[PDB]
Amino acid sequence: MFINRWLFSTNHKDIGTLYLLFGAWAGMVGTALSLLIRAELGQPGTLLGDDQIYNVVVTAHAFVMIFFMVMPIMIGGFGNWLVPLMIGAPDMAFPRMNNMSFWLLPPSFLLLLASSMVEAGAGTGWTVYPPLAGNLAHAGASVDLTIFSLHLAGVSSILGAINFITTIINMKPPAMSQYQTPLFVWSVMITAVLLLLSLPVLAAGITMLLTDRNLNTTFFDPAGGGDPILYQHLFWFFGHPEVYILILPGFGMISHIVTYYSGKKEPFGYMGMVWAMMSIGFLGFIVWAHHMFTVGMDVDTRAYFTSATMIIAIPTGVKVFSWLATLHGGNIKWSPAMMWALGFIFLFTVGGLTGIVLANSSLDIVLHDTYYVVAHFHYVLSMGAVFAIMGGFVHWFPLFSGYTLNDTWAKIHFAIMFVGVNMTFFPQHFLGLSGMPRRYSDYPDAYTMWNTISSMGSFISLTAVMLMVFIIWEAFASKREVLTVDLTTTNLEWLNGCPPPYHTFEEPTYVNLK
């Protein structure tokens, strides 16, 4: 029974729970790697070794946080648990292929851990540029094990995207149009279209890198007529949509959490929120060379990528102002999930505005490959994707488990993490404007003060991560069972009770046309 239920699952809730457990375990691995980065940098000199072991740790930090923590938790974990329930569907369209998206992740993570154990690791940056990642400067198996880890994560998510698109388009009640589905469901559908189109291009580029490293092709080697800059284009044609894939399901959860704790029946400006997520998904495919403003591209190309990149601020601003307008007039409930969402709105806005600074290619000449970029994306990733994940986890933990968290502890947890992440990242803006490069194991002495404080901040976020594990333990240890939840008339995923039965919607909802 155990093996049939948990290794052979065809059930969207249990597979969702598997993804949440996997993403939580990955989050401890990415957190340890982030503390090794900040231990190395927390005083001037060398702690670990030279930039090879250091950038192995920096490279694995990014891949684990992106591919093994954020994507599995937001799409595999909350997408699987919530999407079928929010549309009244009995499961995903392909419930058995769904379990293969999940099971391809432990082997992908194994390959990445094997990459770091064999030879000297892949110290390449999560962008894996050649020729540093090629077979002369990174001889031996590490970088091929990293490529294969990305192939397996890539297939897992392409098959997941097919499953979510099909399910969302095909398995709603026959009266429900796509403009009667909740915003979190729209966010998963758009993110799954971005995955379906972008991952195959990254799969093409890292396959080319694999054949340059093992079949004597020369896609990226000038000796054969190849070009290292072609790899960058193929990688970033995926890598920009990838950051919108990491944040979109977060925007979807934030819309629900803000609505719910404002005591509202619906988010402000629903069709403008759908329009904004479609426009961001669309524009997210025509901006990628803002990652390449120092590679030597022409002036008019740099003018076009500057402008198209800034344009994304228009639909993104619609969503920020619509979340404000959804709080407007609310009966505000200061739950811990609400605090995570308000922290999200403010910290995502800070990091989106430093993204606007960087879209100016002339200023990006000086800020590129410095810690100003690190600050920009950690404000949207550890204070946007992470805060939307912690908001949705505390909000829906009682639905998934049937038990309540202690809200006082969860507020304490939010307060410690908000102090730690701002102590960690805010000073990295000063380090970047004043010129500290990325991917450095050590720095000129003048950069000491801000690196010291940023490292002290990372330890405060470590204390928050340890406490979060205790908080989850305390909830399962005390077993306070949920009785009633507010606002079920506009939050269908709660209406089958906590936790819902293994099979829900065996009889579908009744929705008339009129």
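Note that the rigid core is defined as the largest set of C-alphas that superpose within 1.5 Å between two forms. Numbers for residues come from their place in the sequence shown, where the first is 1.
Asker: Relative to the presented form, and with the rigid core used for superposition, do the C-alpha atoms of 48-56 or of 484-492 deviate more in 7 other deposited structures of this protein?
Answerer: With the rigid core superposed, the C-alphas that lie farther in 7 other deposited structures of this protein are those of 48-56.
Asker: Line up the rigid core: which moves more in 7 other deposited structures of this protein, 161-169 or 376-384, by C-alpha RMS?
Answerer: Per-stretch check in 7 other deposited structures of this protein: the more divergent one is 376-384.
Asker: Look up the CA B-factors in the entry and say which stretch, 244-252 or 439-447, has the higher mean.
Answerer: The deposited B-factors put 439-447 ahead on the C-alpha mean.
Asker: Which has higher Cα B-factors on average according to the PDB entry: 40-48 or 61-69?
Answerer: Stretch with the greater average CA B-factor: 40-48.
Asker: Based on the PDB record, which member of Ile389, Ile412, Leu194, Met383 exhibits the highest Cα temperature factor?
Answerer: The listed residue with the largest C-alpha B-factor is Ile412.
Asker: From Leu136, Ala276, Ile162, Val287, pick the one with the largest CA B-factor in the entry?
Answerer: Largest recorded C-alpha B-factor: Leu136.
Asker: Quick check on the deposited entry: does the C-alpha B-factor of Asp212 sit in the lowest, middle or highest third of its chain?
Answerer: Its C-alpha B-factor, which the entry lists for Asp212, ranks in the highest third among residues of this chain.
Asker: Could you place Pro106 in the lowest, middle or highest third of its chain by Cα temperature factor, using the values in the record?
Answerer: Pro106: CA B-factor falls in the highest third of its chain.
Asker: State the tercile, meaning the lowest, middle or highest third, of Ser157 with respect to the CA B-factors recorded for its chain.
Answerer: As the PDB entry reports it, the C-alpha B-factor of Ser157 lands in the lowest third of its chain.
Asker: Could you look up the Cα B-factor of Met189 in the entry and say which third of the chain it sits in: lowest, middle or highest?
Answerer: Ranked within chain, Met189 CA B lands in the lowest tercile.
Asker: Among all modelled residues of this chain, ranked by Cα B factor, put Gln178 in the bottom, middle or top third, i.e. lowest, middle or highest.
Answerer: Answer is middle: the recorded C-alpha B-factor places it there.
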